[PDB]
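Worksheet: the structure to be examined is printed underneath.
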Amino acid sequence: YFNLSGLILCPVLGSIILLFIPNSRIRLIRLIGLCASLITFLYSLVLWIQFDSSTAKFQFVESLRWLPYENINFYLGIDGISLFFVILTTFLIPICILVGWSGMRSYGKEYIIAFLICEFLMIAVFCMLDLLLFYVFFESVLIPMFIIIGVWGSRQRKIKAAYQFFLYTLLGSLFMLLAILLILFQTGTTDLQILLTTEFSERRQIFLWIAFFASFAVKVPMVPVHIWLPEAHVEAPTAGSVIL
Amino acid sequence: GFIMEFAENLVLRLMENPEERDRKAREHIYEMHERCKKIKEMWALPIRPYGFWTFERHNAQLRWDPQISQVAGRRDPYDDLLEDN
């Protein structure tokens with residue numbers, strides 16, 4: 001019985017174990033990182049087989065209370081849409097470890113730690129059903145990718161790429177957060193199933209939808225803000241350029 | 001036997017009860033909406049309760065002064081005059 005939580009925990013265990021060992025034994029670090037990524041990939045494939053495509057309700061749900069009132073909590077869960085994204089994000093990470101396999105002695109253990117943290121965080125984003133906490137993990141990828149781009153990037157313009165990438169995900173992100181708070185105060189919970197079955201005011205949906213689109217028009221390269229992707233993507237490492 | 005005759009029922013054991021899933025989904029929706037209404041009611045409480053001073057902890061003087069109104073420095077002038085008899 002393989003649940004959704006073990007998939008999330010596997011990169012966490014791989015990262016915690018990797019910090020215990022020192023940096024002198026570089027072969028152990030790369031071997032353990034690749035092994036953790038590959039077992040996470042296999043676990044993701046196993047989750048595919050035991051996926052009911054007939055029902056419309058969500059698959060494995062793990063609820064961990066967050067607020068004392070159980071008002072909002074980690075509500076994990078996959079469906080037809082979120083499953084393939086989980087499989088893809090589990091599949092891409094071992095490739096990321098493998099591309100820079102020769103230069104691992106130059107990068108160090110921070111590189112694999114950052115990539116496994118990214119895998120954990122990206123898995124947590126796709127397979128969760130809490131609107132607010134999904135926002136938390138949605139821009140939680142700022143720190144690890146900022147580190148990846150900045151520490152191992154271009155020659156001298158690496159600083160500017162990090163700043164443009166970090167700046168484009170602030171104003172729209174928090175303008176989305178305002179809508180998140182209005183939704184939370186209006187309805188009462190951020191559970192996705194509850195929020196789907198709610199009568200929103202006709203004039204209210206326009207503002208909330210605009211706020212949501214403002215923070216998604218930056219991640220999806222829309223017309224106003226898409227110049228970050230070329231510059232911040234050329235000024236990025238090859239393994240950081242394959243998940244971006 | 002052969003591989004598929006075992007992999008079949010292996011996958012069938014791996015998969016879960018959908019009736020349990022549907023029941024849990026409708027349940028979770030029911031209690032989540034009830035708790036949502038409860039929290040909406042709770043957020044409506046004013047910062048200052050209607051009673052406030054009526055509360056026994058917010059008086060602290062109606063049951064302290066009566067046992068002090070006999071000490072020197074707090075007596076009505078017409079208390080020591082007729083207390084002799």
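Identifiers in the structure tokens: chain A, B, ... in order shown; residue index from 1 per chain; ligand index from 1 in order shown.
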Within 6 Å of chain B, which residues of chain A show up when using only C-alpha atoms, listed as a PyMOL selection string? chain A and resi 50+188-189
Exercise for review: Name the residues of chain B that come out as helix (DSSP H, G or I) in a backbone DSSP run; write them as a PyMOL selection string.
Suggested key: chain B and resi 3-14+18-42+52-54+56-58+65-67
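Taking only C-alpha atoms, the non-local environment of residue 229 (chain A) within 10 Å (same-chain residues fewer than 6 positions away omitted) comprises residues 161, 164, 165, 218, 219, 220, 221, 235, 241 and 244 of chain A.
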- Query: residue 133 (chain A): which residues within 9 Å, counting only C-alpha atoms, same-chain residues fewer than 6 positions away excluded, as JSON, numbers by chain?
  - Reply: {"A": [72, 73, 74, 75, 125, 190]}
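Distance annotation: of A:67, A:177, A:183, A:87, the residue with the minimal separation from residue 205 (chain A) is A:183; atom set is only C-alpha atoms.
If you measure from each of A:26, A:37, A:128, A:103 to residue 58 (chain A) using only C-alpha atoms, the closest one turns out to be A:128.
Between residue 34 (chain B) and the candidates A:92, A:194, A:39, A:232, the tightest atom-to-atom separation, counting only C-alpha atoms, involves A:194.
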